[PDB]
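Worksheet: one structure, shown below.
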Amino acid sequence: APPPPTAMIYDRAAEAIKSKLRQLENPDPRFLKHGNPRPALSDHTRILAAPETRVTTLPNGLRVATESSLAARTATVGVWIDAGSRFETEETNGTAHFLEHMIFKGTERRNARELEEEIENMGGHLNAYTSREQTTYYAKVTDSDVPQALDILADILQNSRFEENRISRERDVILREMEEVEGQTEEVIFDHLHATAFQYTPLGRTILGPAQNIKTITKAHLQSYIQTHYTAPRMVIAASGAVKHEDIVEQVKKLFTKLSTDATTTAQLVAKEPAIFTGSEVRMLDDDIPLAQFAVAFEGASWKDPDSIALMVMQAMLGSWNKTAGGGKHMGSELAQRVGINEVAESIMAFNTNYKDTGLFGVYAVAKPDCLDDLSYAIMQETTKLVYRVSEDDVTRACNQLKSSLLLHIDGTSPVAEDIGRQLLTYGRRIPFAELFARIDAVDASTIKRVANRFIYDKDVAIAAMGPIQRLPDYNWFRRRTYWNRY
Amino acid sequence: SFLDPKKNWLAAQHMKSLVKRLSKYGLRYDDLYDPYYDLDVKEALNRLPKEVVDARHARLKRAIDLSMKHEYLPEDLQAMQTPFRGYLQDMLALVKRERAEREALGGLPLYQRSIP
Amino acid sequence: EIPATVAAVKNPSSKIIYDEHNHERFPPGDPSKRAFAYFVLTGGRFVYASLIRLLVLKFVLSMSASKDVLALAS
Amino acid sequence: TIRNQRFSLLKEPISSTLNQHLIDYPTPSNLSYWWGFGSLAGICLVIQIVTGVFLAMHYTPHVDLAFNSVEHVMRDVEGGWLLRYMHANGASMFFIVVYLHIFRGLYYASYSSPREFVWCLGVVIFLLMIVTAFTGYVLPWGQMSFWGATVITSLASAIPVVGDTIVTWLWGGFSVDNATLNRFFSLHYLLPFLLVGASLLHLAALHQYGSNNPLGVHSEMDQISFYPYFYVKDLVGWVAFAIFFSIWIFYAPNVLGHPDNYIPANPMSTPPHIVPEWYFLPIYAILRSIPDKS
Amino acid sequence: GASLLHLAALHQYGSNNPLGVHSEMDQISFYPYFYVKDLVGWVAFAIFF
Amino acid sequence: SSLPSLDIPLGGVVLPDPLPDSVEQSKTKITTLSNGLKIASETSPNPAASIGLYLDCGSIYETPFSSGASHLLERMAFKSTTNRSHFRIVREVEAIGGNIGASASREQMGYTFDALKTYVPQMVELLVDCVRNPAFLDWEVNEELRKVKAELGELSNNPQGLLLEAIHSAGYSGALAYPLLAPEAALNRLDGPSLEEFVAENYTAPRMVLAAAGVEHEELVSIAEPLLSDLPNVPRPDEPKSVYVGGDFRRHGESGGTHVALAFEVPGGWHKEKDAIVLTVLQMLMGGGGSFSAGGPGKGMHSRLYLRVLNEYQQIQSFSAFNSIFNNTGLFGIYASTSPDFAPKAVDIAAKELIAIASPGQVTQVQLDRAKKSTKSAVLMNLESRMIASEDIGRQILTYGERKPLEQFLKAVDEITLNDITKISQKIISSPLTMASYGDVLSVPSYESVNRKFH
Amino acid sequence: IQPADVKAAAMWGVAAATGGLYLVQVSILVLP
Ligand code: HEM
Ligand code: HEM
Ligand code: HEM
Ligand SMILES: [Zn+2]
């Protein structure tokens with residue numbers, strides 16, 4: 001009388017699903033003998049072997065550093081100047097960026113058209129960019145053709161010629177570039193956050209500067225800026241790939257001679273008008289935008305602060321989450337799990353920025369207008385949890401992730417050269433991989449708690465928000481969420 | 001110990017009584033698992049096929065209607081009833097095993113019960 | 001012309017001006033006080049604690065015994 | 001947002017209604033202190049309820065024992081004078097605060113649409129306060145107490161056809177004796193809870209239609225959460241009120257009353273000056289001014 | 001007040017049933033179907049009282 | 001605790017001795033597992049190892065039943081297996097600190113994983129598990145299908161990929177015509193058991209290559225043989241066929257500009273190494289740009305199209321010239337994005353350029369030299385980034401059964417000449433025009449009107 | 001985490017005992 005499971009399509013479906021479940025119930029050890037999802041430390045000392053980065057200091061004060069690997073076939077040669085938009089004078093804000101744009105063009109013999117023709121004829125690339133307090137002009141080239149690239153860099157950095165018609169054309173181009181940046185909302189958010197956090201300080205002003213100032217260059221400001229800030233002690237030449245240190249040193253010595261001898265040293269320049277964090281907020285409500293993008297930030301650590309590594313670990317254990325992330329609801333960080341499980345945000349990203357004598361540390365969320373209060377609760381909860389109740393497995397996972405991220409990012413010739421120059425400018429030396437790993441391994445739960453108490457516990461925050469933000473909690477909400485009354 | 005109706009007369013009588021009751025109301029033993037009760041049953045039902053879950057809802061509605069009317073299933077369908085032909089225990093076990101693993105190593109609960 | 005609320009969106013400045021009619025702004029370099037405030041709040045808080053203890057004890061001791069009963073205790 | 005795992009306790013169902021209506025209720029950003037007066041009236045009601053309960057732990061509703069029982073509370077009970085002075089002067093401050101509440105409403109025309117229901121429930125609340133304070137003032141059973149009860153109950157005879165019947169039924173026995181005393185004690189104990197219910201309905205209707213502001217304009221542009229912004233303002237109001245009420249309790253406790261209520265009720269003689277408490281005086285003046293008691 | 005909180009919690013999760021099963025498939029409104037049932041209960045209680 | 005302020009070396013470290021400054025150039029070892037599988041590796045100096053598993057499967061092997069399995073498989077790459085749950089897999093990857101990626105192309109598709117060189121057994125074991133033993137659960141597949149439907153709903157934002165797919169579908173018939181982005185009907189039809197059957201039928205040993213970038217060959221083979229040697233030996237069913245004859249695809253969308261693209265056949269394919277290299281050099285000569293970039297010299301601003309069109313014709317949003325080469329077939333052409341009113345003139349200009357390269361004498365020796373040097377530079381600067389090295393190993397072994405040494409590509413690019421360029425352009429222009437248009441297409445010329453040229 | 005949790009619980013217990021003594025000052029219990 002009772003029907004068999006063959007009939008009753010629901011009985012058939014139940015049988016099929018039960019068969020599949022009983023299929024996947026028995027694991028296998030030969031595919032599980034190495035997994036160990038619980039994180040643990042390891043000593044990669046047997047692996048961290050890289051060629052020595054030879055450093056030389058020409059007596060005019062010029063540092064040249066190379067990491068040669070003569071088995072390769074390409075190379076990257078560049079100049080890393082310790083100057084940027086921070087070192088302006090409140091009326092020449094856009095000078096650094098505009099000088100970049102101009103210095104691409106022409107010299108007493110380069111003739112921008114035929115200069116770019118030469119660059120593209122040898123097959124290489126030539127790029128540049130300016131940060132708040134760092135400037136880079138680098139070129140990627142091949143073996144036996146490095147010297148031409150080095151000569152071109154020296155020529156453009158020393159004997160550049162600025163002509164009025166090209167200056168007008170670049171004024172037009174930079175006004176267009178300013179008009180296209182507001183589409184990129186993340187950069188706008190971070191510019192506003194910098195302005196409202198380091199207000200009344202040289203770090204507050206943007207990189208591009210104001211259009212009213214870009215319209216009044218006249219090339220006298222350009223020449224004055226280059227002669228006052230591109231001095232010999234503040235520059236570093238870096239090379240990787242198939243290069244020879246002695247050849248590079250000889251070429252730099254023979255070429256970089258018409259420099260700007262001066263005394264404006266960035267250390268003394270930062271001694272005056274330092275960077276001062278001021279807790280505040282700016283919130284630009286629109287309600288015509290589909291997504292609300294905001295960022296909260298605490299005061300960070302300087303480049304040389306020994307707690308910078310701890311802050312890097314902490315921003316690794318608040319790792320970024322994305323709506324197309326592979327992990328999804330399963331991730332190491334508690335903040336990513338909270339965001340993904342309850343789907344309260346389109347994407348979150350924790351950032352750690354380091355400057356001289358200051359820095360930043362935040363979470364950069366981007367969500368929908370209705371989940372903002374829950375998202376803010378999640379962010380503040382996880383940060384103050386880092387203050388109070390950090391866990392050993394989380395710390396170990398964060399340290400492993402940080403080591404892996406750094407060593408995987410250093411990949412190629414241009415990344416190696418960029419690492420050499422940036423580290424030489426920030427610390428005065430290039431930190432070896434073994435020492436970097438030792439410093440990271442010196443971070444444990446007690447270290448994380450101490451650093452978070454130093455930087456997060458009951459400290460002012462700076463908020464920058466844009467879009468439909470009616471539901472975003474006010475300043476007092478975040479300010480009170482920076483501590484727990486339970487402990 | 002593990003006492004089954006083959007090796008226990010008392011268990012045989014217990015199973016017989018449960019079969020009689022469920023057949024009277026015409027609903028499988030797994031249909032008694034309340035999704036609001038555990039929230040693991042809620043997930044297991046969320047993972048099951050729609051045909052199976054719809055059959056479960058139909059059987060439950062029939063049982064509730066019979067309960068209101070103060071009557072039992074007619075003897076034909078009562079003889080056609082198949083209690084203890086499970087459809088949920090394997091999925092529930094999988095869900096609980098996954099939850100146990102996630103809790104055991106790090107991890108936040110994928111779902112939680114409101115207060116209250 | 002520029003609607004003057006997108007000008008502020010497109011032109012972030014490091015010199016931000018607040019109202020300063022009800023509250024004078026500290027000069028930028030000065031630190032956040034954050035301690036004077038908590039100590040003022042603490043003084044008021046233990047004033048409140050004193051008040052609450054007074055009220056509770058008044059009610060309970062009122063519900064306690066009485067002078068005429070204590071006199072008749074013999 | 002799917003609430004899979006719980007973020008905050010305040011958004012949990014146990015504290016969700018409380019969260020909304022106490023912490024997260026949007027409020028106009030420009031409110032002055034008279035909204036604090038409304039909250040202060042609520043606090044005065046709670047104070048009255050608590051002190052009244054602890055007073056009723058010692059009051060005997062009999063005609064032969066009420067006055068001496070109150071003197072018992074003042075002299076023998078441990079800290080009983082504080083309870084009695086708090087109850088009496090708290091009735092006075094309750095009426096002061098409610099009057100300021102009402103007059104702010106009149107000034108800013110808060111009675112206008114859509115808060116007609118709020119205003120009407122307020123009028124009902126005011127009636128309940130009047131009745132409660134009157135029947136409570138009858139309780140101590142002094143000269144003013146007894147004679148005010150007599151007069152105010154006997155003016156109910158003005159009803160055309162059923163006036164005398166209502167007067168006799170409310171009196172319970174041709175006078176204002178022991179039966180009326182017990183009746184009034186029970187009613188005085190009961191009414192404050194109906195007053196609490198009326199206050200809750202008052203607040204619910206207001207919360208439906210938001211809250212007015214000193215400008216009278218639409219105010220959904222600039223609104224802030226009630227906590228902590230208006231909790232601290234209300235706290236300043238509460239502390240100032242506590243100082244005022246402490247001035248009244250400890251230094252001038254009998255100024256807001258009449259000395260005739262310290263004489264035991266004697267229905268034979270009549271005090272030369274029969275007036276209600278100061279907060280019934282405007283109504284008494286209107287009624288006395290228009291002659292022909294009907 | 002405690003009775004009102006009791007009823008509020010129950011209404012949060014809904015009432016049980018003799019079978020003890022999930023019962024969001026077959027449900028009816030309170031009035032008038034259970035009003036008359038409770039009326040029969042009240043009148044029987046009134047006779048007892 | 002005290003720390004040395006990070007501008008001073010940290011106390012006592014056991015930092016090791018550096019590499020010998022031009023140690024050597026590692027060779028690729030390839031071992032053929034007797035069931036028919038390939039395991040290849042090479043040594044790298046950097047502390048990072050990239051390990052990938054590449055399969056000869058994709059849209060070409062799709063079937064009317066599947067029709068979308070490749071895209072779904074890319075989305076369902078590292079999900080729960082019969083031995084580990086998805087949570088366990090993600091926790092393992094995070095624990096060692098590596099990155100997982102999946103790529104799905106028309107002809108072949110791969111799964112790659114990156115981590116430090118210490119974790120080689122973990123990398124290879126997790127990869128082999130996730131490929132060989134997948135458990136396509138209905139709920140996970142449904143989640144990924146929902147995401148894929150949303151992505152299909154957000155497709156128009158990039159007209160270039162849409163036009164590439166359109167050109168392939170229009171100008172091929174069966175195999176290469178099989179779509180890559182899983183239309184909505186196919187998405188609704190797709191299912192977990194369908195994925196299971198497709199994988200079990202296609203993911204077989206004689207079409208699997210495991211390529212490592214910075215891993216010792218002995219270690220890799222010693223950890224991979226106990227995980228792949230027992231796969232069944234199958235007879236490697238033949239590759240699908242596809243003919244080129246094809247015409248026009250036209251789709252109307254928003255009012256912002258029109259995107260027109262043209263393409264041709266060049267039937268050489270990757271097995272015709274000389275023609276593939278000549279096609280790459282021709283692409284690097286043609287190239288172009290988007291007229292909105294502000295990077296700097298070297299990005300091809302002196303290419304022929306860039307110079308002529310962009311420096312001469314304005315109101316043309318972007319102008320590029322591209323190619324796509326599959327085993328035994330090719331597809332080279334020009335992408336144009338311009339204003340709706342200009343579109344017929346834009347088509348005329350693109351045809352003029354494509355015929356200009358064909359006729360002899362119109363390409364200068366200097367331009368050819370620049371193109372050859374740029375191609376050599378692009379290849380060389382691409383063979384850094386060990387991820388690219390491992391991918392190249394895998395793809396080359398899948399195609400040719402070996403790794404063709406870089407010197408062959410360099411020599412071919414060296415020896416290409418103007419006669420070769422002209423002959424290849426003449427051959428490529430003879431094949432029937434394939435045309436696609438997207439946007440305000442109600443004003444672009446007809447396919448036959450455009451095809452009046454080129455012949 | 002357990003040492004920190006028990007330390008915090010003990011601190012809250014000390015605070016609770018201090019509040020209890022403040023509410024009910026008992027030298028009668030304090031002296032012995
Ligand atoms: C038991 C005494 C009373 C209590 C506890 C009480 C309580 C409150 C509360 C809590 C509010 C909201 C907060 C505020 O706006 O101040 C309010 C508002 C209001 N009440 Fe009352 N109230 C009382 C008596 C009255 C009376 C007698 C009236 C007038 C008949 C009245 C009329 C109003 C009005 C019009 C508002 C609207 C406030 C506004 O417009 O902003 N209330 N009351
Ligand atoms: C349920 C709560 C209340 C109880 C149990 C209560 C109880 C009492 C008792 C027993 C007395 C007589 C004690 C005495 O003579 O001092 C009294 C007096 C009084 N009550 Fe209340 N009461 C309550 C609430 C209120 C409220 C809300 C008001 C209104 C403001 C009020 C107004 C008065 C007045 C005016 C007196 C006479 C004051 C006097 O003794 O001179 N009571 N109450
Ligand atoms: C003042 C006395 C009480 C009143 C007025 C009261 C009122 C109610 C009401 C109105 C319901 C909803 C109707 C119903 O389900 O019968 C209910 C349900 C319920 N009450 Fe009470 N109750 C009281 C005492 C208790 C006590 C003492 C308990 C147990 C400690 C209790 C436990 C329950 C339970 C468990 C339900 C849920 C009924 C269900 O299964 O659906 N009640 N109560
Ligand atoms: Zn620029």
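Ordered as shown in the structure tokens, chains take letters A, B, and onward, while each chain numbers its residues from 1 and ligands are numbered from 1 in the order shown.
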**Request:** Quick one: pick out all helix (DSSP H, G or I) residues within stretch 172-238 of chain A from a backbone DSSP run and write them as number ranges by chain.
**Result:** A: 172-179, 185-197, 211-214, 220-229, 232-234
**Request:** Grab me every residue within 7 Å of ligand 1, counting only C-alpha atoms and all ligand atoms, and send it over as a VMD selection string.
**Result:** chain D and resid 34 to 39 41 to 42 45 98 101 to 102 105 110 to 111 115 118 to 123 125 to 126 195 199 202 to 203 206 211 to 213
**Message:** Can you tell me, as a ChimeraX atom specification, which residues in stretch 69-163 of chain A count as strand (DSSP E or B) by DSSP?
**Reply:** /A:74-81,107,125-130,135-142,160
**Distance filter 12 Å around ligand 4, atoms: only C-alpha atoms and all ligand atoms, out as a VMD selection string** = (chain A and resid 94 to 104 127 to 131 170 to 181 207 to 209 214) or (chain F and resid 292 to 296)
Can you write out the residues you just picked, keeping N, CA and C atoms, as a CSV table (one decimal), in the first residue's frame?
chain,number,residue,atom,x,y,z
A,94,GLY,N,49.9,73.5,-6.8
A,94,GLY,CA,49.9,72.6,-7.9
A,94,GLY,C,51.2,72.6,-8.7
A,95,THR,N,52.3,73.2,-8.1
A,95,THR,CA,53.5,73.3,-8.9
A,95,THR,C,54.2,72.0,-9.1
A,96,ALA,N,54.1,71.1,-8.1
A,96,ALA,CA,54.8,69.8,-8.3
A,96,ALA,C,54.2,69.0,-9.5
A,97,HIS,N,52.8,68.9,-9.4
A,97,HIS,CA,52.1,68.1,-10.5
A,97,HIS,C,52.3,68.8,-11.9
A,98,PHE,N,52.2,70.1,-11.9
A,98,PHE,CA,52.4,70.8,-13.2
A,98,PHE,C,53.8,70.7,-13.7
A,99,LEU,N,54.8,70.7,-12.8
A,99,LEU,CA,56.1,70.5,-13.2
A,99,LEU,C,56.4,69.1,-13.7
A,100,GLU,N,55.8,68.1,-13.1
A,100,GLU,CA,55.8,66.8,-13.7
A,100,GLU,C,55.3,66.8,-15.2
A,101,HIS,N,54.1,67.3,-15.4
A,101,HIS,CA,53.5,67.4,-16.7
A,101,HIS,C,54.5,68.1,-17.7
A,102,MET,N,55.1,69.2,-17.2
A,102,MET,CA,56.0,70.0,-18.1
A,102,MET,C,57.3,69.2,-18.4
A,103,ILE,N,57.8,68.6,-17.3
A,103,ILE,CA,59.2,68.0,-17.5
A,103,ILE,C,59.1,66.8,-18.4
A,104,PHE,N,57.9,66.2,-18.6
A,104,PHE,CA,57.8,65.2,-19.7
A,104,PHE,C,58.2,65.8,-21.0
A,127,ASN,N,57.8,57.0,-17.1
A,127,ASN,CA,56.6,57.4,-16.4
A,127,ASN,C,57.1,58.2,-15.2
A,128,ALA,N,56.1,58.9,-14.5
A,128,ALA,CA,56.4,59.7,-13.4
A,128,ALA,C,55.1,59.9,-12.6
A,129,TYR,N,55.3,60.2,-11.3
A,129,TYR,CA,54.1,60.5,-10.4
A,129,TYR,C,54.6,61.2,-9.2
A,130,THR,N,53.8,62.1,-8.6
A,130,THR,CA,54.1,62.8,-7.4
A,130,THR,C,53.1,62.5,-6.3
A,131,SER,N,53.6,62.1,-5.2
A,131,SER,CA,52.8,61.9,-4.0
A,131,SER,C,52.8,63.2,-3.2
A,170,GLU,N,49.5,72.4,-21.5
A,170,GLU,CA,49.4,71.6,-20.3
A,170,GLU,C,48.5,72.2,-19.2
A,171,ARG,N,48.3,73.5,-19.2
A,171,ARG,CA,47.2,74.1,-18.4
A,171,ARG,C,45.9,73.5,-18.8
A,172,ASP,N,45.6,73.5,-20.1
A,172,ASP,CA,44.4,72.9,-20.6
A,172,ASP,C,44.3,71.5,-20.2
A,173,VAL,N,45.4,70.7,-20.4
A,173,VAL,CA,45.3,69.3,-20.1
A,173,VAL,C,45.0,69.0,-18.6
A,174,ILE,N,45.7,69.8,-17.7
A,174,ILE,CA,45.5,69.6,-16.3
A,174,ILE,C,44.1,70.1,-15.8
A,175,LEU,N,43.6,71.1,-16.5
A,175,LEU,CA,42.2,71.5,-16.2
A,175,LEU,C,41.3,70.4,-16.5
A,176,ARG,N,41.5,69.7,-17.7
A,176,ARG,CA,40.7,68.6,-18.0
A,176,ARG,C,40.9,67.4,-17.0
A,177,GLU,N,42.1,67.2,-16.6
A,177,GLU,CA,42.4,66.2,-15.6
A,177,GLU,C,41.7,66.4,-14.3
A,178,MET,N,41.7,67.7,-13.9
A,178,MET,CA,40.9,68.1,-12.7
A,178,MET,C,39.5,67.8,-12.9
A,179,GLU,N,38.9,68.1,-14.1
A,179,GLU,CA,37.5,67.9,-14.3
A,179,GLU,C,37.1,66.4,-14.4
A,180,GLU,N,38.1,65.5,-14.7
A,180,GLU,CA,37.8,64.1,-14.7
A,180,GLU,C,38.0,63.4,-13.4
A,181,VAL,N,38.5,64.0,-12.4
A,181,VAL,CA,38.8,63.3,-11.2
A,181,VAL,C,37.6,63.1,-10.3
A,207,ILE,N,47.0,67.4,-4.0
A,207,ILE,CA,48.2,67.3,-4.9
A,207,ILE,C,48.0,68.2,-6.1
A,208,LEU,N,46.8,68.1,-6.7
A,208,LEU,CA,46.6,69.0,-7.9
A,208,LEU,C,46.6,70.5,-7.5
A,209,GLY,N,46.0,70.8,-6.4
A,209,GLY,CA,45.9,72.2,-6.0
A,209,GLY,C,44.7,72.8,-6.6
A,214,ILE,N,46.6,77.0,-10.6
A,214,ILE,CA,47.1,76.4,-11.8
A,214,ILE,C,47.1,77.4,-12.9
F,292,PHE,N,42.4,59.7,-24.3
F,292,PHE,CA,42.2,60.3,-23.0
F,292,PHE,C,43.2,59.9,-22.0
F,293,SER,N,44.2,59.1,-22.4
F,293,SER,CA,45.2,58.7,-21.4
F,293,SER,C,46.3,59.8,-21.3
F,294,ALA,N,46.8,59.8,-20.1
F,294,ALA,CA,47.9,60.8,-19.7
F,294,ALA,C,49.0,60.1,-19.0
F,295,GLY,N,49.4,59.0,-19.5
F,295,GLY,CA,50.5,58.2,-18.8
F,295,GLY,C,51.9,58.8,-19.1
F,296,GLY,N,52.3,58.7,-20.4
F,296,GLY,CA,53.6,59.2,-20.8
F,296,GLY,C,54.1,58.5,-22.0
**Asked** Please, which residues of chain A lie no more than 9 Å from chain G when the count uses only C-alpha atoms, and can they be set out as a VMD selection string?
**Response** chain A and resid 389 to 391 486 to 487
**Request:** Could you please extract the residues within 7 Å of ligand 3, counting only C-alpha atoms and all ligand atoms, and hand them back as a PyMOL selection string?
**Result:** chain E and resi 3+6-7+10+14-17
Please produce a file of the residues just selected, as a compact mmCIF listing (two decimals), in the first residue's frame, where the atoms kept are N, CA and C atoms.
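Output file out16.txt follows:
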# COMPACT_ATOMS: atom_id res chain seq x y z
N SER E 3 1.39 41.33 32.43
CA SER E 3 0.52 40.63 31.49
C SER E 3 0.64 41.21 30.09
N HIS E 6 3.85 39.98 28.65
CA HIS E 6 3.60 38.58 28.31
C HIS E 6 2.95 38.46 26.94
N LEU E 7 1.86 39.20 26.74
CA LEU E 7 1.14 39.14 25.47
C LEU E 7 1.98 39.70 24.33
N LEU E 10 4.42 36.96 23.26
CA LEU E 10 3.73 35.90 22.54
C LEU E 10 3.36 36.35 21.14
N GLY E 14 4.00 34.39 18.03
CA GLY E 14 2.81 33.66 17.65
C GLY E 14 2.54 32.46 18.54
N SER E 15 1.28 32.05 18.58
CA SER E 15 0.86 31.02 19.50
C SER E 15 1.18 29.63 18.96
N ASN E 16 1.29 28.67 19.88
CA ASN E 16 1.58 27.28 19.53
C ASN E 16 0.29 26.62 19.06
N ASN E 17 0.28 25.29 18.95
CA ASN E 17 -0.92 24.57 18.56
C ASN E 17 -0.81 23.14 19.07
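One finds atom CA of residue A:150 at 7.8 Å from atom CA of residue A:251.
Atom CA of residue F:381 is found 16.2 Å from atom CA of residue F:213.
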**Message:** Can you pull out every residue with an atom within 7 Å of ligand 2? Use only C-alpha atoms and all ligand atoms and format it as number ranges by chain.
**Reply:** D: 45, 48-50, 52-53, 55-56, 59, 70, 84, 87-88, 90-92, 94-95, 129, 132-134, 136-140, 188-193
Next, the residues of the selection above should be written as an mmCIF file, in the first residue's frame with C-alpha atoms.
data_model
loop_
_atom_site.group_PDB
_atom_site.id
_atom_site.type_symbol
_atom_site.label_atom_id
_atom_site.label_comp_id
_atom_site.auth_asym_id
_atom_site.auth_seq_id
_atom_site.Cartn_x
_atom_site.Cartn_y
_atom_site.Cartn_z
ATOM 1 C CA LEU D 45 4.211 62.461 38.093
ATOM 2 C CA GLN D 48 4.222 61.842 43.164
ATOM 3 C CA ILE D 49 3.428 58.168 42.608
ATOM 4 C CA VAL D 50 6.428 56.894 44.571
ATOM 5 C CA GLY D 52 2.334 58.623 47.586
ATOM 6 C CA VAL D 53 2.801 54.869 47.821
ATOM 7 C CA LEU D 55 2.923 57.691 52.388
ATOM 8 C CA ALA D 56 -0.059 55.356 52.034
ATOM 9 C CA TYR D 59 -2.103 56.781 56.361
ATOM 10 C CA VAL D 70 -0.427 62.352 59.203
ATOM 11 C CA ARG D 84 4.987 64.329 53.278
ATOM 12 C CA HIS D 87 4.245 64.776 48.258
ATOM 13 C CA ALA D 88 2.553 68.116 48.944
ATOM 14 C CA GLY D 90 5.440 67.913 44.521
ATOM 15 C CA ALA D 91 1.764 68.285 43.767
ATOM 16 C CA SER D 92 2.425 72.019 43.627
ATOM 17 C CA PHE D 94 3.542 69.175 39.144
ATOM 18 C CA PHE D 95 0.918 71.835 38.564
ATOM 19 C CA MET D 129 -4.786 65.934 37.489
ATOM 20 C CA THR D 132 -6.637 63.587 41.660
ATOM 21 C CA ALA D 133 -5.208 66.609 43.455
ATOM 22 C CA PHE D 134 -8.620 67.574 44.828
ATOM 23 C CA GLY D 136 -5.932 63.916 47.623
ATOM 24 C CA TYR D 137 -6.210 67.265 49.366
ATOM 25 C CA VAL D 138 -9.343 65.948 51.048
ATOM 26 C CA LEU D 139 -7.275 63.151 52.636
ATOM 27 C CA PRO D 140 -5.412 64.968 55.478
ATOM 28 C CA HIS D 188 -6.919 59.069 45.039
ATOM 29 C CA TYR D 189 -4.926 55.863 45.049
ATOM 30 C CA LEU D 190 -6.475 54.618 41.788
ATOM 31 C CA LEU D 191 -6.430 57.724 39.594
ATOM 32 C CA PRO D 192 -2.641 58.214 39.113
ATOM 33 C CA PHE D 193 -2.433 54.966 37.156
#
**Request:** With a distance cut-off of 12 Å and only C-alpha atoms, select the neighbouring residues of residue A:134, excluding the residue or stretch itself and same-chain residues fewer than 3 positions from it, and output the selection as JSON, numbers by chain.
**Result:** {"A": [79, 80, 81, 82, 83, 84, 85, 86, 87, 96, 97, 128, 129, 130, 131, 137, 207, 229, 230, 234, 235, 236, 266, 354, 355, 356, 418, 421, 422, 423, 424, 425, 426]}
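Excluding residue A:286 itself and same-chain residues fewer than 4 positions from it, the residues having an atom within 12 Å of it are residues 290, 291, 292, 293, 369, 465, 466, 467, 468, 469 and 470 of chain A; 5, 6 and 9 of chain C, counting only C-alpha atoms.
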**Message:** Would you compute the distance between atom CA of residue A:398 and atom CA of residue A:327? Give it in Å to one decimal.
**Reply:**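 It comes out at 15.8 Å.
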**Message:** What's around stretch 159-168 of chain D at 12 Å? Count only C-alpha atoms, leave out sequence neighbours fewer than 5 positions away in its own chain, and write the answer as a list in words.
**Reply:** residues 149, 150, 151, 152, 153, 154, 173, 174, 175, 176, 177, 179, 180, 293 and 294 of chain D
**Prompt:** Counting only C-alpha atoms, which residues from chain A have an atom at most 10 Å from any atom of chain B, and could you show them as a ChimeraX atom specification?
**Reply:** /A:1-5,8-19,21-22,24-25,37-39,329-334,337-338,340-342,391,393-394
Contacts between chain C and chain A, please, where a residue of chain A counts if it comes within 10 Å (with only C-alpha atoms); show its shortest atom pair and distance in Å to one decimal, rows by chain and ascending number, as a tab-separated table.
residue	atom	partner	partner_atom	distance
A:90	CA	C:14	CA	9.7
A:178	CA	C:10	CA	8.9
A:179	CA	C:10	CA	8.8
A:181	CA	C:10	CA	9.0
A:182	CA	C:10	CA	6.8
A:188	CA	C:10	CA	7.9
A:189	CA	C:9	CA	9.6
A:191	CA	C:12	CA	6.9
A:192	CA	C:12	CA	5.5
A:193	CA	C:12	CA	9.0
A:194	CA	C:14	CA	8.1
A:195	CA	C:14	CA	4.6
A:196	CA	C:14	CA	6.6
A:197	CA	C:14	CA	8.6
A:198	CA	C:14	CA	7.1
A:199	CA	C:14	CA	4.4
A:200	CA	C:14	CA	5.3
A:201	CA	C:14	CA	6.9
A:202	CA	C:14	CA	7.9
A:203	CA	C:14	CA	8.1
A:204	CA	C:14	CA	4.6
A:205	CA	C:14	CA	5.1
A:206	CA	C:12	CA	7.4
A:209	CA	C:11	CA	8.6
A:210	CA	C:11	CA	7.0
A:211	CA	C:11	CA	9.0
A:273	CA	C:29	CA	9.9
A:274	CA	C:29	CA	9.2
A:275	CA	C:29	CA	8.9
A:276	CA	C:29	CA	6.2
A:277	CA	C:29	CA	8.5
A:278	CA	C:28	CA	7.1
A:279	CA	C:32	CA	8.6
A:282	CA	C:16	CA	9.9
A:283	CA	C:9	CA	9.6
A:284	CA	C:9	CA	7.1
A:285	CA	C:9	CA	10.0
A:286	CA	C:6	CA	9.8
A:458	CA	C:34	CA	8.9
A:459	CA	C:34	CA	9.0
A:460	CA	C:32	CA	8.2
A:466	CA	C:9	CA	9.0
